[PDB]
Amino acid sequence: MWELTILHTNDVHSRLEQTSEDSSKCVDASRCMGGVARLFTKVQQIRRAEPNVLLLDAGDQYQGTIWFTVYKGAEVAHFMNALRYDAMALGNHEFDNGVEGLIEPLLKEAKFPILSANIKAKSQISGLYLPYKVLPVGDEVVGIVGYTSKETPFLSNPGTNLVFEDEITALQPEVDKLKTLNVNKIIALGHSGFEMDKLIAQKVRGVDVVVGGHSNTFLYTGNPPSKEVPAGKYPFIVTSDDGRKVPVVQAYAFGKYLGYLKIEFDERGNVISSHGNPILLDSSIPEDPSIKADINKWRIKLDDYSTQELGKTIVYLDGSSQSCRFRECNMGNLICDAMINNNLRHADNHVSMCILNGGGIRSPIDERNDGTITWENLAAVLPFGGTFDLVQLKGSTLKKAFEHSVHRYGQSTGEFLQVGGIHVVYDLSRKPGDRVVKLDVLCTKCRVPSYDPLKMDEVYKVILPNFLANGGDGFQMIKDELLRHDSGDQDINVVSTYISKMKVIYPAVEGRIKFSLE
């Protein structure tokens, strides 16, 4: 028997410092979690105890906090090198600052192999990322094959030169080449989501284990340690088409947990068994002093975004995925109110309605730090540098959008819409495409605004992110059927301006989105 311990992270999203339990800024240090200093301590503890260890990342280190807005990936390469990661797979967010934003900060400075077998460039990038790497682990070798979401061209900015192939089609020839080289232990490490990960495990002959990301999937065996509810056991077992039991793992997001899987291999590289669980990186684990002092050094340049108080909140600003992708969330209401307020000011075409993809809200903000709101706090909520555009839509188009908002409800997908100037009621007992039971909107062609049923043949002006106006999140009907599209102001500046104007904010959940009982 040859035992291998796989340590893994995914969707860290620039949470270099320890955070609050909800992955927002750490205020109460006594109860904070995650961060690269704490992760280091745990990884070192495991490396001291286990002789065959691999520390892997399944992508999306890029984007999420002021660390990335300021260092643009230099902090990723630096701290991933300090933690001595053995390999990383490319995620979609590694392409947000173009191919140039991946090459210079990360690919040229990473001391570990960076992988993706399904990205074919059509050179300069040649060899800076690899389809696989064969890693020596003691007296054995372990092959790691990478993969990246085939949806990256739509989700990010990888440019016209990179081609993204079907993951299964691109992986099988690389795995087969590893098998011809007598590499009998193979890990598929990549960034496509738990559903594709299970398909890779079922269909790619020769893959012994799948380490994934992108869906922020939390898996656990037994009673879980924090607020994340498990989507399945850890590992999730897939029975492959050739009859092998293949463990599939993921470790939520934001560096809150360290994925930990122990695999028992025979002499021919068959998985005899495996077990483990994600480790909660809570205050019980001390932050490594050396890494922490280096974090404090890099932190000095960021304190310019933490000194200006933009305003104050007397309520918890719920920007969590568990709220904003499933129901009305007060952060969504705040952002839509700021969006509506911004246009109802610098017009010289006035608008009363707002739609906002819940997945575009990427962090909550806590009210306990004397309720202070800084640019840094807002940078984690809106880390993409998008704009809030004005569009003219038909009622029929809006109805289709709201049907699309709940067409596959319950999967924590980002299309669920937050709103302003709209009162929507859904009936999830109904069939996809027929779940909107009520859709009232704030009249524009009226002297006193009031809510009236949306009319399919009428025309409404809606403020929304450029992501939705360009057909993102499957909102193809907006891009195809829109009658007008005007570019707007930068997302973060619109919310920043609105908070400074209000001074004290208290957004509520007030019935803009409801669910019927049937």
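When you see a residue number, it is the position in the sequence shown, counting from 1.
Engineer: Can you count the deposited residues that have no coordinates between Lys297 and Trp298 and report it as none, 1 to 3, 4 to 9, or 10 or more?
Structural biologist: The entry leaves nothing out here.
Engineer: Between residues given as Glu267 and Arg268, how many of the deposited sequence are not built: none, 1 to 3, 4 to 9, or 10 or more?
Structural biologist: Per the deposited record, the segment joining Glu267 and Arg268 has no missing residues.
Engineer: Between 417-425 and 377-385, which has the higher average C-alpha B-factor in the PDB entry?
Structural biologist: According to the PDB entry, the answer is 377-385.
Engineer: Per the PDB record, is the mean Cα temperature factor higher over 443-451 or over 109-117?
Structural biologist: Per the deposited B-factors, the answer is 443-451.
Engineer: Can you tell me which of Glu174, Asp139, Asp242, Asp318 has the maximum CA B-factor listed in the PDB entry?
Structural biologist: Answer for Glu174, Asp139, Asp242, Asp318: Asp242, with the highest C-alpha B-factor.
Engineer: When the CA B-factors of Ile125, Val183, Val204, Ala253 are compared as recorded in the entry, which is the largest?
Structural biologist: In this record, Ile125 carries the highest C-alpha B-factor of the candidates.
Engineer: In terms of the CA temperature factor given in the entry, to which third of its chain does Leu280 belong: lowest, middle or highest?
Structural biologist: For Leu280, whose C-alpha B-factor we compare with every modelled residue in the chain, the answer is the lowest third.
Engineer: By the record's CA B-factor, is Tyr257 among the lowest, middle or highest third of residues in the chain?
Structural biologist: According to the entry, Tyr257 has a C-alpha B-factor in the chain's lowest third.
Engineer: Taking only the Cα B-factors deposited for this chain, tell me whether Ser215 sits in the lowest, middle or highest third.
Structural biologist: Answer is lowest: the recorded C-alpha B-factor places it there.
Engineer: Ranked by Cα temperature factor within the chain, is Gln322 in the lowest third, the middle third or the highest third?
Structural biologist: Bottom third by C-alpha B-factor.
Engineer: Divide the modelled residues of the chain into thirds by Cα B-factor and specify which third, lowest, middle or highest, holds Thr497.
Structural biologist: For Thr497, whose C-alpha B-factor we compare with every modelled residue in the chain, the answer is the highest third.
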